[PDB]
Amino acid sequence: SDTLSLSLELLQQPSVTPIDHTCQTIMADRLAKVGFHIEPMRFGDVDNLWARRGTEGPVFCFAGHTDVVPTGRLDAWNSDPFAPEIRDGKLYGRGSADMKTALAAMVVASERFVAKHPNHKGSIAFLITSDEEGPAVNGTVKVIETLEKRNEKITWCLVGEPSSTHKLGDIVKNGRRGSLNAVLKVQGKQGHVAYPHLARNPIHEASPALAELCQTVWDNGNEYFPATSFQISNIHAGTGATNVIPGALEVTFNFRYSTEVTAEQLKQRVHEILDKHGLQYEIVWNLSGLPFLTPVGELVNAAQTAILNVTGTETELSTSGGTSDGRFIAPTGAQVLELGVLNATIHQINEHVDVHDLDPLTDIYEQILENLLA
C-alpha cells in the first residue's frame, strides 16, 4: 500500500497546530514529479501549499491540513502518537484519521491518475494548510485570498476530512454549521478559603451559570443542519494552594450553530444568561467559521458513483460534525464536498483508522478524478 507507506511518513512528523514539520515538503516532492507546480505560501506562523497540474479549467482541488490537535496525556496512549504502528488491522497515531491518511490517498490517487490518464482535461490542485484546527487566520483563508486576487478559480474542491460514520463513504458533506468561540473570564477576589465573606469565589458564582448553559436548548436545527450545540473545552482557576480562593475563572467554550441563529443572537443570549446570574466578567469572542452550504452538482454526482463502485454503498449528504476549510473555499463558488475515513476516533486518545479503508479511499479519490477529468 503506497497510501500506507506515505501515511506513515506523514504520521511520523509531529505537526501540532500550526506546525507542518516537513509534511507539505514531503507532499510537494511527490507532486513535483508528476507535473505539479509547487507554490508554498508562508503567512506568519503558518505554512501553506498551492500545488497545481494544468493551466485550463475545470479545476479540481484536493484540500486538507497537515496539522493535528494536541495528543493529551502521553501516558494514556498505548503507543507513541507520533510513532505510528499497526495493531490488529488498525493504524494508531495522532492524525491517523484527522487527516494524514487522506492526504496520502489524495497524493497516490493523483499519481496513479496522471499515470493512466496523462492528457486529462482541466487542472488538478492541492490546497494544503498547517493551521486548520486552530485560529486559522493565516491558513487556507490567506491562500484563497491570493487565488481570488489573481482570478484563479476552483470548480470542484474535495476536502479529505473524515466524513464517514459507520463505513467508508456512507456520508459526504457539502456544508457545515458555523463555529463560534469564546473565552470567558469571570472576575472574583483572591482571598482565604476560611474567610469567603471577605472574597469572591468565581467558581462558586459561575457554577449555576455553566450548569444553565450546558442544559440550554439553542435551536432545533432545520432540514439542512443539526441543532446548535454548546461545549466547554477548557476551564481554569487557581494555582495550587488549597487555602486560597482564586481571583479569576477562565472558561473556554464553543457553539456549532445552524442557520436558525446568528453569531450575534448567540452572543446576546449568552450575555443575557451571565447577567442574570449577576456575574462580573469579560468575554472575547471569535467567529471561527460561518455556516455554509454549497450546491449539489457534478462533484456530488462523481462521488456518488465512485463510492458506490468501490464500496457498494449509497452515500448520503450531511452537514453534521465540525467544520472545515470548506468554509473558506465555498465563498469562491467552488462546489465543496468532504469525503474521508471514519470520524469515530478523531481528536481522541489512541486515534486510529482501519487499514482496510486506505486503498479503497485511494481508489475512490482516483475514480472521482476519472469521472470529472476523463
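The first residue of the sequence shown is number 1, and the count goes up from there.
**Student:** Looking at the entry, does 355-363 or 14-22 show the higher mean C-alpha B-factor?
**Tutor:** Going by the record's values, the stretch with the higher mean is 355-363.
**Student:** State which stretch shows the higher mean Cα B factor in the entry: 145-153 or 72-80.
**Tutor:** On average, C-alpha B-factors are higher across 72-80.
**Student:** Say you rank 224, 281, 257, 292 by Cα B-factor from the PDB entry; which sits at the top?
**Tutor:** The listed residue with the largest C-alpha B-factor is 281.
**Student:** Could you tell me which one of 139, 208, 297, 95 shows the highest CA temperature factor in the PDB record?
**Tutor:** Highest CA B-factor of the listed options: 208.
**Student:** Once the chain's modelled residues are ordered by C-alpha B factor and cut into thirds, is residue 45 in the lowest, middle or highest one?
**Tutor:** Tercile = lowest for this residue's CA B-factor.
**Student:** Using the B-factor values recorded in the entry, state whether the Cα atom of residue 65 falls in the lowest, middle or highest third among the modelled residues of its chain.
**Tutor:** Within its chain, residue 65 is a lowest-third residue by C-alpha B-factor, going by the deposited values.
**Student:** Give the position of residue 327 by CA B-factor within its chain, expressed as the lowest, middle or highest third.
**Tutor:** Lowest third.
**Student:** Using only modelled residues of the chain, where does the Cα B factor of residue 177 rank: lowest third, middle third or highest third?
**Tutor:** According to the entry, residue 177 has a C-alpha B-factor in the chain's lowest third.
**Student:** Would you check the entry's CA temperature factor for residue 333 and let me know if it's in the chain's lowest, middle or highest third?
**Tutor:** It belongs to the lowest third of the chain when residues are ordered by C-alpha B-factor.
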